[PDB]
$ cat query.cif   # mmCIF, C-alpha atoms and all ligand atoms
data_entry
#
loop_
_atom_site.label_atom_id
_atom_site.label_comp_id
_atom_site.auth_asym_id
_atom_site.auth_seq_id
_atom_site.Cartn_x
_atom_site.Cartn_y
_atom_site.Cartn_z
CA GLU Q 303 -77.86 -18.51 -15.66
CA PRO Q 304 -77.38 -20.74 -12.54
CA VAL Q 305 -74.04 -21.29 -10.79
CA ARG Q 306 -72.45 -24.29 -12.56
CA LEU Q 307 -70.20 -26.67 -10.63
CA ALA Q 308 -68.14 -28.22 -13.45
CA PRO Q 309 -66.08 -24.98 -13.98
CA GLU Q 310 -65.20 -24.92 -10.28
CA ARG Q 311 -64.35 -28.65 -10.24
CA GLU Q 312 -62.07 -28.24 -13.25
CA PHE Q 313 -60.43 -25.17 -11.66
CA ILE Q 314 -59.68 -26.99 -8.39
CA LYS Q 315 -58.52 -30.06 -10.31
CA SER Q 316 -56.19 -27.96 -12.51
CA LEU Q 317 -54.37 -26.75 -9.39
CA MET Q 318 -54.01 -30.39 -8.32
CA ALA Q 319 -52.88 -31.50 -11.79
CA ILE Q 320 -50.14 -28.85 -11.75
CA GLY Q 321 -48.68 -30.46 -8.63
CA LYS Q 322 -48.59 -33.89 -10.26
CA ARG Q 323 -46.43 -32.46 -13.07
CA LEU Q 324 -44.15 -30.68 -10.56
CA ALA Q 325 -43.70 -34.05 -8.83
CA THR Q 326 -41.95 -35.40 -11.95
CA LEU Q 327 -39.04 -32.96 -11.43
CA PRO Q 328 -36.20 -33.56 -8.89
CA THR Q 329 -35.23 -29.98 -7.92
CA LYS Q 330 -37.06 -26.83 -6.74
CA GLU Q 331 -35.37 -24.80 -9.48
CA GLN Q 332 -36.92 -27.04 -12.14
CA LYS Q 333 -40.30 -27.26 -10.37
CA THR Q 334 -40.32 -23.47 -10.09
CA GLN Q 335 -39.71 -23.04 -13.83
CA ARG Q 336 -42.42 -25.59 -14.62
CA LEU Q 337 -44.85 -23.84 -12.26
CA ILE Q 338 -44.45 -20.53 -14.10
CA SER Q 339 -45.38 -22.18 -17.41
CA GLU Q 340 -48.31 -23.96 -15.76
CA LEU Q 341 -49.78 -20.77 -14.27
CA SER Q 342 -49.42 -18.95 -17.60
CA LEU Q 343 -51.68 -21.67 -19.12
CA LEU Q 344 -54.18 -21.25 -16.30
CA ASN Q 345 -54.68 -17.56 -17.22
CA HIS Q 346 -55.79 -18.49 -20.75
CA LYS Q 347 -59.04 -19.55 -19.07
CA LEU Q 348 -59.43 -16.52 -16.78
CA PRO Q 349 -61.46 -14.65 -15.81
CA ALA Q 350 -64.02 -17.43 -15.27
CA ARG Q 351 -67.06 -18.30 -13.11
CA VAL Q 352 -64.75 -19.96 -10.56
CA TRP Q 353 -63.67 -19.20 -7.00
CA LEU Q 354 -61.14 -19.98 -4.29
CA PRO Q 355 -63.31 -21.64 -1.57
CA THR Q 356 -60.88 -20.26 1.07
CA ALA Q 357 -61.81 -16.62 0.28
CA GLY Q 358 -64.86 -16.50 2.56
CA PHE Q 359 -66.40 -13.73 0.40
CA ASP Q 360 -68.13 -13.92 -3.00
CA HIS Q 361 -65.82 -13.17 -5.93
CA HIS Q 362 -64.51 -14.46 -9.28
CA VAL Q 363 -60.92 -15.43 -10.09
CA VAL Q 364 -59.47 -13.03 -12.68
CA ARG Q 365 -55.72 -13.75 -12.70
CA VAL Q 366 -52.92 -15.90 -11.25
CA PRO Q 367 -49.67 -13.86 -11.55
CA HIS Q 368 -47.52 -16.61 -13.02
CA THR Q 369 -44.13 -15.20 -11.88
CA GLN Q 370 -45.05 -14.79 -8.20
CA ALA Q 371 -45.64 -18.42 -7.22
CA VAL Q 372 -43.28 -20.45 -5.00
CA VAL Q 373 -42.37 -24.13 -4.72
CA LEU Q 374 -41.72 -24.87 -1.05
CA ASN Q 375 -39.34 -27.86 -1.05
CA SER Q 376 -37.68 -30.58 -3.19
CA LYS Q 377 -39.93 -33.42 -1.97
CA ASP Q 378 -41.50 -35.88 -4.42
CA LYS Q 379 -44.93 -34.45 -3.56
CA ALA Q 380 -43.77 -30.86 -3.04
CA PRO Q 381 -46.38 -28.19 -2.21
CA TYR Q 382 -46.51 -24.83 -3.93
CA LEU Q 383 -47.83 -21.42 -2.98
CA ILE Q 384 -49.85 -19.31 -5.39
CA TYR Q 385 -51.23 -15.81 -5.25
CA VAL Q 386 -54.67 -15.43 -6.83
CA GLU Q 387 -56.27 -12.17 -7.95
CA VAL Q 388 -60.03 -11.92 -7.44
CA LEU Q 389 -62.73 -9.27 -7.79
CA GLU Q 390 -65.19 -9.21 -4.90
CA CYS Q 391 -68.90 -9.02 -5.63
CA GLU Q 392 -71.94 -8.86 -3.35
CA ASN Q 393 -74.26 -11.30 -5.09
CA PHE Q 394 -72.47 -14.15 -6.86
CA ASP Q 395 -75.53 -15.90 -8.29
CA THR Q 396 -76.57 -12.62 -10.00
CA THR Q 397 -73.16 -11.01 -10.69
CA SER Q 398 -71.84 -11.71 -14.19
CA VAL Q 399 -68.22 -12.74 -14.70
CA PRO Q 400 -65.83 -9.75 -14.98
CA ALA Q 401 -64.67 -8.78 -18.47
CA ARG Q 402 -61.06 -9.70 -19.28
CA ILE Q 403 -58.58 -6.81 -19.45
CA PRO Q 404 -55.53 -7.44 -21.75
CA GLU Q 405 -51.96 -7.63 -20.45
CA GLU Q 520 -40.46 -9.98 1.48
CA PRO Q 521 -43.58 -8.81 3.41
CA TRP Q 522 -47.09 -9.59 2.24
CA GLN Q 523 -47.47 -5.81 1.87
CA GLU Q 524 -44.64 -5.71 -0.65
CA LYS Q 525 -46.08 -8.64 -2.63
CA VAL Q 526 -49.52 -7.02 -2.68
CA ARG Q 527 -47.92 -3.79 -3.95
CA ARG Q 528 -45.86 -5.37 -6.74
CA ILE Q 529 -48.70 -7.59 -7.98
CA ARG Q 530 -51.27 -4.79 -7.90
CA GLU Q 531 -48.98 -2.56 -10.00
CA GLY Q 532 -48.25 -5.29 -12.58
CA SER Q 533 -51.87 -6.42 -12.86
CA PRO Q 534 -54.38 -5.15 -15.46
CA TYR Q 535 -57.06 -5.57 -12.75
CA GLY Q 536 -55.04 -3.94 -9.97
CA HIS Q 537 -56.74 -0.55 -10.37
CA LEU Q 538 -60.20 -1.96 -9.57
CA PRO Q 539 -61.62 -1.05 -6.10
CA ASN Q 540 -63.00 -4.59 -5.67
CA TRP Q 541 -59.61 -6.16 -6.47
CA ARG Q 542 -58.28 -8.50 -3.77
CA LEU Q 543 -55.23 -10.73 -3.56
CA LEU Q 544 -55.59 -14.14 -1.92
CA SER Q 545 -53.09 -16.94 -1.34
CA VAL Q 546 -53.24 -20.73 -1.10
CA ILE Q 547 -50.76 -23.53 -0.65
CA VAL Q 548 -51.68 -26.46 -2.86
CA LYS Q 549 -50.67 -29.85 -1.44
CA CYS Q 550 -51.50 -32.53 -4.02
CA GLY Q 551 -49.91 -35.37 -2.02
CA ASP Q 552 -50.63 -34.74 1.67
CA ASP Q 553 -53.59 -35.72 3.86
CA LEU Q 554 -54.94 -32.56 5.51
CA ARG Q 555 -57.84 -34.12 7.46
CA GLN Q 556 -55.94 -33.74 10.75
CA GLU Q 557 -55.21 -30.09 9.91
CA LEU Q 558 -58.93 -29.76 9.16
CA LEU Q 559 -59.82 -31.26 12.52
CA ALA Q 560 -57.50 -28.74 14.19
CA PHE Q 561 -59.05 -25.91 12.19
CA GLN Q 562 -62.53 -26.96 13.39
CA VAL Q 563 -61.43 -27.24 17.04
CA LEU Q 564 -59.65 -23.87 16.87
CA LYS Q 565 -62.77 -22.19 15.46
CA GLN Q 566 -64.85 -23.73 18.26
CA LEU Q 567 -62.47 -22.61 21.03
CA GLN Q 568 -62.43 -19.11 19.52
CA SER Q 569 -66.24 -19.11 19.63
CA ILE Q 570 -66.20 -20.42 23.21
CA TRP Q 571 -63.73 -17.78 24.42
CA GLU Q 572 -65.79 -15.05 22.69
CA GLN Q 573 -69.01 -16.39 24.19
CA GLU Q 574 -67.40 -16.33 27.65
CA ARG Q 575 -65.63 -12.92 27.15
CA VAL Q 576 -62.12 -14.33 27.59
CA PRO Q 577 -59.66 -12.22 25.52
CA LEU Q 578 -57.52 -15.14 24.35
CA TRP Q 579 -56.33 -14.78 20.75
CA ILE Q 580 -55.69 -17.43 18.11
CA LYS Q 581 -55.59 -17.47 14.29
CA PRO Q 582 -57.27 -20.56 12.76
CA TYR Q 583 -56.15 -20.93 9.13
CA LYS Q 584 -58.48 -22.33 6.48
CA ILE Q 585 -58.11 -25.92 5.24
CA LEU Q 586 -59.68 -27.62 2.21
CA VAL Q 587 -59.67 -31.41 2.07
CA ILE Q 588 -59.83 -32.48 -1.56
CA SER Q 589 -58.96 -36.19 -1.72
CA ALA Q 590 -57.71 -38.50 1.04
CA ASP Q 591 -54.17 -37.34 0.32
CA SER Q 592 -54.66 -33.87 -1.17
CA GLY Q 593 -55.80 -30.42 -0.10
CA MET Q 594 -55.25 -26.66 0.15
CA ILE Q 595 -54.32 -24.21 2.92
CA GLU Q 596 -54.79 -20.46 3.20
CA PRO Q 597 -51.44 -19.44 4.80
CA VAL Q 598 -51.21 -16.77 7.46
CA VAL Q 599 -49.65 -14.02 5.41
CA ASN Q 600 -49.11 -11.05 7.74
CA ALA Q 601 -46.48 -12.85 9.88
CA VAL Q 602 -42.95 -14.31 9.85
CA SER Q 603 -41.52 -17.32 11.73
CA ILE Q 604 -39.73 -16.63 15.01
CA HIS Q 605 -36.70 -18.35 13.49
CA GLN Q 606 -36.57 -15.76 10.70
CA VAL Q 607 -37.38 -12.80 12.98
CA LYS Q 608 -34.40 -13.72 15.16
CA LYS Q 609 -32.12 -14.65 12.26
CA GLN Q 610 -32.66 -11.33 10.44
CA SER Q 611 -32.79 -8.94 13.40
CA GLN Q 612 -30.16 -10.79 15.46
CA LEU Q 613 -32.16 -9.52 18.47
CA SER Q 614 -33.90 -11.20 21.36
CA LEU Q 615 -37.68 -11.09 21.12
CA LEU Q 616 -37.77 -8.50 23.90
CA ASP Q 617 -35.24 -6.33 22.09
CA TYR Q 618 -37.13 -6.78 18.85
CA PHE Q 619 -40.37 -5.57 20.48
CA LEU Q 620 -38.57 -2.59 22.00
CA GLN Q 621 -37.15 -1.63 18.59
CA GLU Q 622 -40.12 -2.59 16.45
CA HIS Q 623 -42.98 -1.31 18.62
CA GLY Q 624 -41.43 1.07 21.15
CA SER Q 625 -39.90 1.47 24.60
CA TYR Q 626 -41.42 0.31 27.89
CA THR Q 627 -43.46 3.49 28.41
CA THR Q 628 -45.08 3.42 24.94
CA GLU Q 629 -48.68 2.46 24.18
CA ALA Q 630 -47.24 0.50 21.23
CA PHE Q 631 -45.04 -1.67 23.45
CA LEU Q 632 -47.84 -2.28 25.97
CA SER Q 633 -50.27 -3.18 23.17
CA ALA Q 634 -47.80 -5.59 21.53
CA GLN Q 635 -47.05 -7.17 24.87
CA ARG Q 636 -50.76 -7.63 25.53
CA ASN Q 637 -51.24 -9.30 22.14
CA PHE Q 638 -48.25 -11.56 22.74
CA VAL Q 639 -49.63 -12.64 26.13
CA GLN Q 640 -53.18 -13.18 24.84
CA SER Q 641 -51.90 -15.23 21.90
CA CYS Q 642 -49.41 -17.20 24.04
CA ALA Q 643 -52.22 -18.09 26.43
CA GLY Q 644 -54.55 -19.10 23.59
CA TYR Q 645 -51.92 -21.35 21.97
CA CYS Q 646 -50.87 -22.78 25.32
CA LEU Q 647 -54.45 -24.06 25.75
CA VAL Q 648 -54.61 -25.20 22.12
CA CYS Q 649 -51.36 -27.15 22.42
CA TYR Q 650 -52.51 -28.76 25.68
CA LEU Q 651 -56.08 -29.63 24.72
CA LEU Q 652 -55.11 -30.98 21.25
CA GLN Q 653 -51.68 -32.28 22.33
CA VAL Q 654 -50.00 -30.51 19.42
CA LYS Q 655 -46.40 -31.70 19.13
CA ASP Q 656 -43.24 -30.55 17.34
CA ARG Q 657 -43.20 -26.90 18.46
CA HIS Q 658 -40.13 -24.98 17.25
CA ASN Q 659 -39.25 -21.47 16.09
CA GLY Q 660 -39.86 -22.55 12.48
CA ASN Q 661 -43.56 -23.24 13.09
CA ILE Q 662 -44.34 -20.35 15.40
CA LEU Q 663 -44.98 -17.09 13.54
CA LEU Q 664 -45.05 -13.50 14.79
CA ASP Q 665 -47.35 -10.89 13.27
CA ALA Q 666 -46.93 -7.12 13.14
CA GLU Q 667 -49.29 -6.63 16.11
CA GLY Q 668 -47.20 -8.83 18.45
CA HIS Q 669 -49.30 -12.02 18.39
CA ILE Q 670 -47.78 -15.47 17.94
CA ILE Q 671 -49.46 -17.96 15.61
CA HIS Q 672 -48.76 -21.68 15.81
CA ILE Q 673 -48.89 -23.56 12.51
CA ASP Q 674 -48.57 -27.17 11.35
CA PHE Q 675 -50.68 -29.36 13.59
CA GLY Q 676 -49.24 -32.54 12.07
CA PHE Q 677 -48.73 -34.41 15.34
CA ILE Q 678 -51.92 -34.03 17.44
CA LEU Q 679 -53.84 -36.09 19.98
CA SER Q 680 -52.52 -39.68 19.76
CA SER Q 681 -50.10 -38.99 16.87
CA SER Q 682 -46.96 -41.17 16.90
CA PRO Q 683 -44.37 -41.02 18.30
CA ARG Q 684 -45.34 -40.38 21.92
CA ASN Q 685 -42.73 -38.39 23.86
CA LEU Q 686 -41.00 -40.10 26.76
CA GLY Q 687 -40.05 -36.99 28.78
CA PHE Q 688 -43.16 -36.61 30.96
CA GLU Q 689 -44.32 -33.42 29.22
CA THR Q 690 -47.81 -32.08 29.86
CA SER Q 691 -47.58 -30.28 26.51
CA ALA Q 692 -45.17 -29.56 23.66
CA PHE Q 693 -45.93 -25.86 24.28
CA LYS Q 694 -42.79 -24.62 26.02
CA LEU Q 695 -42.40 -21.17 27.55
CA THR Q 696 -38.79 -20.04 27.00
CA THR Q 697 -36.68 -17.42 28.77
CA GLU Q 698 -37.01 -15.25 25.68
CA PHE Q 699 -40.82 -15.50 25.84
CA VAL Q 700 -40.96 -14.89 29.59
CA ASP Q 701 -38.68 -11.84 29.14
CA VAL Q 702 -41.19 -10.36 26.70
CA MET Q 703 -43.84 -10.75 29.45
CA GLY Q 704 -41.70 -8.79 31.93
CA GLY Q 705 -40.10 -11.78 33.69
CA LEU Q 706 -41.36 -14.37 36.18
CA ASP Q 707 -43.03 -11.82 38.51
CA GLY Q 708 -44.25 -9.37 35.86
CA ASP Q 709 -47.84 -8.16 35.72
CA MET Q 710 -48.05 -9.45 32.13
CA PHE Q 711 -46.88 -12.92 33.20
CA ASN Q 712 -49.55 -12.90 35.93
CA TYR Q 713 -52.06 -11.86 33.25
CA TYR Q 714 -50.89 -14.80 31.13
CA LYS Q 715 -51.71 -17.22 33.98
CA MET Q 716 -55.07 -15.57 34.67
CA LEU Q 717 -55.96 -15.96 30.96
CA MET Q 718 -54.97 -19.62 30.99
CA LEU Q 719 -57.27 -20.19 33.97
CA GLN Q 720 -60.24 -18.31 32.51
CA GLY Q 721 -59.68 -19.91 29.10
CA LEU Q 722 -59.68 -23.39 30.65
CA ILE Q 723 -62.75 -22.54 32.75
CA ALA Q 724 -64.49 -21.47 29.55
CA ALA Q 725 -63.39 -24.51 27.54
CA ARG Q 726 -64.64 -27.05 30.06
CA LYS Q 727 -67.94 -25.18 30.41
CA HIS Q 728 -68.44 -26.00 26.70
CA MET Q 729 -66.39 -29.22 26.51
CA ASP Q 730 -69.01 -31.22 24.60
CA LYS Q 731 -68.91 -28.81 21.64
CA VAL Q 732 -65.17 -29.50 21.28
CA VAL Q 733 -65.44 -33.24 21.90
CA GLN Q 734 -68.25 -33.74 19.38
CA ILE Q 735 -66.13 -32.28 16.56
CA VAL Q 736 -63.41 -34.82 17.32
CA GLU Q 737 -65.74 -37.82 17.56
CA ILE Q 738 -67.44 -36.95 14.27
CA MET Q 739 -64.02 -36.83 12.58
CA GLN Q 740 -63.02 -40.16 14.22
CA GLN Q 741 -66.22 -41.87 13.02
CA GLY Q 742 -65.87 -40.46 9.49
CA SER Q 743 -62.24 -41.62 9.03
CA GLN Q 744 -59.37 -43.56 10.61
CA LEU Q 745 -56.50 -41.06 10.87
CA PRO Q 746 -53.06 -41.45 12.58
CA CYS Q 747 -54.10 -39.10 15.40
CA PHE Q 748 -56.77 -41.61 16.58
CA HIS Q 749 -56.21 -44.88 18.49
CA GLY Q 750 -59.54 -46.32 19.64
CA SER Q 751 -61.51 -45.07 22.66
CA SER Q 752 -58.48 -43.74 24.56
CA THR Q 753 -58.02 -40.69 22.30
CA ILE Q 754 -61.43 -39.31 23.28
CA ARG Q 755 -61.01 -40.40 26.92
CA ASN Q 756 -57.64 -38.66 27.24
CA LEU Q 757 -59.11 -35.57 25.56
CA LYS Q 758 -62.06 -35.37 27.96
CA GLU Q 759 -59.76 -35.79 30.96
CA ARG Q 760 -57.74 -32.75 29.82
CA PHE Q 761 -60.87 -30.67 30.53
CA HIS Q 762 -60.60 -31.55 34.25
CA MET Q 763 -64.40 -31.66 34.67
CA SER Q 764 -64.11 -32.92 38.28
CA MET Q 765 -61.91 -30.04 39.49
CA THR Q 766 -63.12 -26.98 41.38
CA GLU Q 767 -61.80 -23.58 40.21
CA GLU Q 768 -59.37 -23.46 43.15
CA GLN Q 769 -57.94 -26.81 41.98
CA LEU Q 770 -57.83 -25.60 38.35
CA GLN Q 771 -55.79 -22.59 39.49
CA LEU Q 772 -53.28 -24.89 41.22
CA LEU Q 773 -53.23 -27.01 38.08
CA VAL Q 774 -52.48 -23.96 35.91
CA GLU Q 775 -49.58 -23.02 38.22
CA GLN Q 776 -48.28 -26.58 37.82
CA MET Q 777 -48.65 -26.60 34.02
CA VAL Q 778 -47.08 -23.14 33.64
CA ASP Q 779 -44.15 -24.24 35.82
CA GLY Q 780 -43.99 -27.40 33.70
CA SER Q 781 -43.83 -25.36 30.46
CA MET Q 782 -40.65 -23.62 31.75
CA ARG Q 783 -38.71 -26.82 32.57
CA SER Q 784 -36.24 -26.22 29.74
CA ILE Q 785 -35.25 -22.80 31.11
CA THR Q 786 -31.61 -23.01 32.23
CA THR Q 787 -32.40 -21.61 35.70
CA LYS Q 788 -34.72 -24.62 36.14
CA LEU Q 789 -31.82 -27.12 35.93
CA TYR Q 790 -29.94 -24.90 38.41
CA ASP Q 791 -32.72 -24.51 41.00
CA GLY Q 792 -34.56 -27.84 40.86
CA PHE Q 793 -32.26 -30.11 42.90
CA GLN Q 794 -34.53 -30.33 45.98
CA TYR Q 795 -36.66 -32.78 43.93
CA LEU Q 796 -33.68 -34.99 43.06
CA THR Q 797 -31.69 -35.01 46.35
CA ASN Q 798 -32.31 -35.04 50.11
CA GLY Q 799 -31.14 -31.40 50.21
CA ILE Q 800 -33.97 -28.88 50.70
CA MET Q 801 -32.39 -26.65 48.05
MG MG Q 901 -34.75 -32.63 48.58
#
$ encode --input "query.cif" --output "structure tokens"
Amino acid sequence: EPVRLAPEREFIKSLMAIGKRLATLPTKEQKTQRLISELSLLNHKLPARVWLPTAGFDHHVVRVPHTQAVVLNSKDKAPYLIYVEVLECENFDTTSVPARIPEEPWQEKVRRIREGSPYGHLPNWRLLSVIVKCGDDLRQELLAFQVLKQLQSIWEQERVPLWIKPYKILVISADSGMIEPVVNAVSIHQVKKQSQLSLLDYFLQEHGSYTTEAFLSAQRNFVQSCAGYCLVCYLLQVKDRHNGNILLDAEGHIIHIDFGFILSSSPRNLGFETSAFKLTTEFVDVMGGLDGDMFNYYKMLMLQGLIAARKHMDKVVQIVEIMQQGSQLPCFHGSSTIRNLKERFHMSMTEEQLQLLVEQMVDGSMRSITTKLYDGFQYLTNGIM
């Protein structure tokens, strides 16, 4: 029997249809209750010869634990997060559909679902997640995803140990799609709110003291991820960066999410910023302060990462142009979007000039640091300090 597409279509469309019925309800509480009923229905039809395209490995969907889903706000087109149980197979075109079996860290959720699930005992059992957004255009997020993948490939090609975490995007319709969330990480906001610690203090408690391998490793990951996302934010002009859309994983990396405002997305800021990526006192303290080795490493990585990116600029630029041809999104605004993008690769600069540029940009990213208001007055008065 050949792989049929109608089952998959109807599966994807059922997840979308569920959102339309959620949209009829005013409050999260009510949407949540509705969602539980909806997912129960879904399981009548499972297991089936259907898949989550975001898995990136062959598998069949066996179960959607109806109690574990989450509505994410009270908006008219409110997204919802589902957990989806699958059984991995090697060969999908030749594997038959699994037989049915009768009836807050990620790690905890994986544990509780596995124990409640009739399939949880299977060695090929895997839990995936998706956020279904049945009334949002994700083509900009998809563009970002594509650019991030390309930069990752570039940095690997050029042996630059920058670290980012692209997260998978599916564009369904013009104003609908799905996202695989980054699961093994919590927002900085929440890390701070719960622990009531500074990031430095959190690392010292969570990983270890200054002389521990664990601290040094976490610090390295933080620096490598900060540098990666600094270049991402600059090249793509990602806006709206706050502690709610920066996550921290258990290894010490940061992960930026929600690339809503990118490139020429309105509104433009009026504060002469090079980037919306800002390097706070808290961040710098993690890196051992302004004259730390790890801060110097951060600036070296930014230089090498930018050297690498411009060496392969066309690969990045093509992705953007293809998207711009294919559709007219908010992030585009005629020829200038591409022009401005190309200029941010600084093709005309020598490496000495790039290094001076990186010092300037890094200094720029720290403008909001309180010390900077204190010790900047030589630029605003005839005093030399
Ligand atoms: Mg002066």
$ closest_residue --input "query.cif" --among "Q:736, Q:388, Q:570, Q:344" --to "residue 751 (chain Q)" --atoms "all atoms listed in the file"
Q:736
$ residues_around --input "query.cif" --residues "residue 770 (chain Q)" --least-positions-apart "3" --cutoff "10 Å" --atoms "all atoms listed in the file" --output "PyMOL selection string"
chain Q and resi 718-720+722-723+761-767+773-776
$ atom_distance --input "query.cif" --atom1 "CA of residue 794 (chain Q)" --atom2 "CA of residue 690 (chain Q)"
21.0 Å
$ residues_near_point --input "query.cif" --point "(-45.2, -21.7, 34.9)" --cutoff "10 Å" --atoms "only C-alpha atoms" --output "tab-separated table (two decimals) with C-alpha atoms, keeping the file's coordinate frame"
chain	number	residue	atom	x	y	z
Q	694	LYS	CA	-42.79	-24.62	26.02
Q	695	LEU	CA	-42.40	-21.17	27.55
Q	700	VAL	CA	-40.96	-14.89	29.59
Q	706	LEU	CA	-41.36	-14.37	36.18
Q	711	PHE	CA	-46.88	-12.92	33.20
Q	712	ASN	CA	-49.55	-12.90	35.93
Q	714	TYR	CA	-50.89	-14.80	31.13
Q	715	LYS	CA	-51.71	-17.22	33.98
Q	774	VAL	CA	-52.48	-23.96	35.91
Q	775	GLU	CA	-49.58	-23.02	38.22
Q	776	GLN	CA	-48.28	-26.58	37.82
Q	777	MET	CA	-48.65	-26.60	34.02
Q	778	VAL	CA	-47.08	-23.14	33.64
Q	779	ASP	CA	-44.15	-24.24	35.82
Q	780	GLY	CA	-43.99	-27.40	33.70
Q	781	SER	CA	-43.83	-25.36	30.46
Q	782	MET	CA	-40.65	-23.62	31.75
Q	783	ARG	CA	-38.71	-26.82	32.57
$ residues_near_ligand --input "query.cif" --ligand "ligand MG 901 (chain Q)" --cutoff "12 Å" --atoms "all atoms listed in the file" --output "list in words"
residues 791, 792, 793, 794, 795, 796, 797, 798, 799, 800 and 801 of chain Q
$ closest_residue --input "query.cif" --among "Q:691, Q:376, Q:339, Q:369" --to "residue 646 (chain Q)" --atoms "only C-alpha atoms"
Q:691
$ atom_distance --input "query.cif" --atom1 "CA of residue 651 (chain Q)" --atom2 "CA of residue 757 (chain Q)"
6.7 Å
$ residues_around --input "query.cif" --residues "region 659-662 of chain Q" --least-positions-apart "6" --cutoff "10 Å" --atoms "only C-alpha atoms" --output "ChimeraX atom specification"
/Q:601-608,670-675
$ residues_around --input "query.cif" --residues "residue 750 (chain Q)" --least-positions-apart "6" --cutoff "10 Å" --atoms "all atoms listed in the file" --output "VMD selection string"
chain Q and resid 680 740 744
$ closest_residue --input "query.cif" --among "Q:621, Q:784, Q:566, Q:611" --to "residue 734 (chain Q)" --atoms "all atoms listed in the file"
Q:566
$ atom_distance --input "query.cif" --atom1 "CA of residue 749 (chain Q)" --atom2 "CA of residue 586 (chain Q)"
24.0 Å
$ residues_around --input "query.cif" --residues "residue 525 (chain Q)" --least-positions-apart "4" --cutoff "12 Å" --atoms "all atoms listed in the file" --output "list in words"
residues 367, 369, 370, 371, 384, 385, 386, 520, 521, 529, 530, 531, 532, 533, 543, 544, 545, 599 and 600 of chain Q
$ residues_near_point --input "query.cif" --point "(-43.4, -35.1, -4.7)" --cutoff "9 Å" --atoms "only C-alpha atoms" --output "list in words"
residues 321, 322, 324, 325, 326, 327, 328, 376, 377, 378, 379, 380, 381, 550 and 551 of chain Q
$ residues_around --input "query.cif" --residues "residue 365 (chain Q)" --least-positions-apart "6" --cutoff "7 Å" --atoms "only C-alpha atoms" --output "PDB file with C-alpha atoms, in the coordinates of the input"
ATOM      1  CA  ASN Q 345     -54.680 -17.560 -17.220  1.00  0.00           C
ATOM      2  CA  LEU Q 348     -59.430 -16.520 -16.780  1.00  0.00           C
ATOM      3  CA  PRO Q 349     -61.460 -14.650 -15.810  1.00  0.00           C
ATOM      4  CA  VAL Q 386     -54.670 -15.430  -6.830  1.00  0.00           C
ATOM      5  CA  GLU Q 387     -56.270 -12.170  -7.950  1.00  0.00           C
TER       6      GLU Q 387
END
$ closest_residue --input "query.cif" --among "Q:636, Q:575, Q:584, Q:323" --to "residue 547 (chain Q)" --atoms "only C-alpha atoms"
Q:584
